[PDB]
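Student: Kindly return the folded structure for what I paste below:
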Amino acid sequence: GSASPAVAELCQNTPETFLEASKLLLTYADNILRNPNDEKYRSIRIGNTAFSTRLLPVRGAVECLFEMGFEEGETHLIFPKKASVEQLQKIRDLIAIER
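Tutor: Numbering: from 1, shown residues only. Let me share the structure:
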């Protein structure tokens, strides 16, 4: 939680919103951790229903993805092939312990 600036920001949300955003964040991280060699899990379309309605408008949500290693592009958030999976897991854990 507080050990992460983005998670600390995410914590500044009501319970239901925090749980909803954090669940999706954990799903994105877990998909990559489950299959780190599948490019499908390394791209999140900004216009995606879940992303646009549960993360984009929530304080700290997208920032957590950036701390995980995602980078923002014109239409997608991308987790580079060079991005550290250890860092991804670190932020994943910091989010999980706050649910």
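
Student: Quickly note the distance from the residue nearest to residue 99 when sequence neighbours are not counted to residue 84.
Tutor: Nearest non-adjacent residue to residue 99, counting by Cβ to Cβ, 6 or more residues apart in numbering: residue 22, 5.5 Å away. C-beta coordinates here come from the backbone N, C-alpha and C atoms, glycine included. Relative to residue 84, residue 22 is positioned 21 Å away (Cβ to Cβ, to the nearest Å).

Student: Counting neighbours around each, name which of these two comes out higher.
Tutor: Shown here are residue 22 and residue 84; by other Cβ atoms under 10 Å, residue 22 has more neighbours (24 against 11).

Student: which ones are touching that one?
Tutor: Residues near residue 22 by Cβ atoms under 8 Å, 6 or more residues apart in numbering: 10, 95, 96, 98, 99.

Student: Just give me the neighbour total for the residue nearest to the fourth one when sequence neighbours are not counted.
Tutor: Nearest residue to residue 98 in three dimensions, chain neighbours excluded: residue 1, at 4.1 Å (Cβ to Cβ, 6+ apart). Neighbourhood size, residue 1 [other Cβ under 10 Å]: 14.

Student: Please, where are all the helices along this protein?
Tutor: Secondary structure of the chain (DSSP state H): helices located at 5-10, 15-34, 49-54, 61-68, 85-96.

Student: Please identify the most buried of those.
Tutor: Most buried of these, by mean neighbour count (mean count of other Cβ atoms under 10 Å): helix 61-68, with a mean of 21.

Student: Can I get that one in CSV? Just the C-alpha atoms.
Tutor: Output in CSV follows, covering the C-alpha atoms of helix 61-68 (Å, rounded to 0.1, in the frame of the first residue of the first chain):
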residue,chain,number,x,y,z
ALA,A,61,-5.5,3.6,-10.9
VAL,A,62,-3.6,4.3,-14.1
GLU,A,63,-0.6,5.4,-12.0
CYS,A,64,-0.4,1.9,-10.6
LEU,A,65,-0.1,0.5,-14.1
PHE,A,66,2.8,3.0,-14.7
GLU,A,67,4.5,1.9,-11.6
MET,A,68,4.1,-1.7,-12.7
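
Student: now it against helix 85-96, angle please.
Tutor: Orientation of helix 61-68 against helix 85-96 (axes from the mean of the first three to the mean of the last three Cα atoms, to 10 degrees) gives an angle of 150 degrees.
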